[PDB]
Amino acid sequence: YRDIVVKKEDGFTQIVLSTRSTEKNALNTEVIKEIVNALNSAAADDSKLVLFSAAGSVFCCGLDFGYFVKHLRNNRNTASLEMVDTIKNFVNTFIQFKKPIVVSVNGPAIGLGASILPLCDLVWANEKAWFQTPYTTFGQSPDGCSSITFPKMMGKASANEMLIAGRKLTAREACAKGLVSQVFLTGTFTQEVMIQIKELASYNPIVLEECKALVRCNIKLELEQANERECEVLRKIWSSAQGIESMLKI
């Protein structure tokens, strides 16, 4: 791996976002493929859970648009179709993943950076982290199943303040909305996380998987279907003159 660090500790595996092929941990095709491959290996591991974290001032600014736009500019529906396929499979990996994923957010989560969070099982955020899905600004419709997961958590109209209006949520605001599930003090953030993760790793593996399987059970199909619907709209938008024009805006 070039763009992530994977550390298999006592009963859990840390996947750390730490990109060098991109800035601010943006996701290009190759970063996404390392994540998918690291997750696939943790699934085959004897890890009980995954900690998903990031290094740097930003957690994840989401899709690297500079990278995708260059590909989209030799033409056409092709680059469009490939990029959606990549996003589709990325989101699905999270949807299908059987072990708990605890996400540690120590900086802004933006776009696909924020929209995959509700696909995880616990979301622990530094009080300094913030969250946004500036879709209307990007000129796209929702990704990461957010068209269903934001309304389920916070209700339609609060979901829309993020999906339609593009508003930033502080960590505390996102937690009252259900997007973050626990807020931590900045000074002691990383040690607070490790202590609580080692506690979680100390529990029984069968009860952790069975609890996730029972919460997973009814929601999985809905998420697969949301992802499919989201991807179909992105295919349409990203192969339109309009959609391409929008992605080109910085």
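Numbers for residues come from their place in the sequence shown, where the first is 1.
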Quiz prompt | Given 74-82 and 169-177, the range whose Cα B-factors average higher in the PDB entry | solution = 74-82
Quiz prompt | Between the two ranges 58-66 and 196-204, the one averaging a larger CA B factor in the entry | solution = 196-204
Exercise. Would you mind ranking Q14 by its C-alpha B-factor against the rest of the chain and naming the third, lowest, middle or highest?
Key: highest
Quiz prompt | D46 CA temperature factor, ranked by third within the chain | solution = highest
Practice problem: Looking at the entry's B-factor column for C-alpha atoms only, identify whether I35 ranks in the lowest, middle or highest third of its chain. | Solution: middle
Quiz item: Is the Cα B-factor recorded for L223 in the lowest, middle or highest third of its chain?
Solution: lowest
Quiz item: Can you tell me which third, lowest, middle or highest, the CA B-factor of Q182 falls into for its chain?
Solution: middle
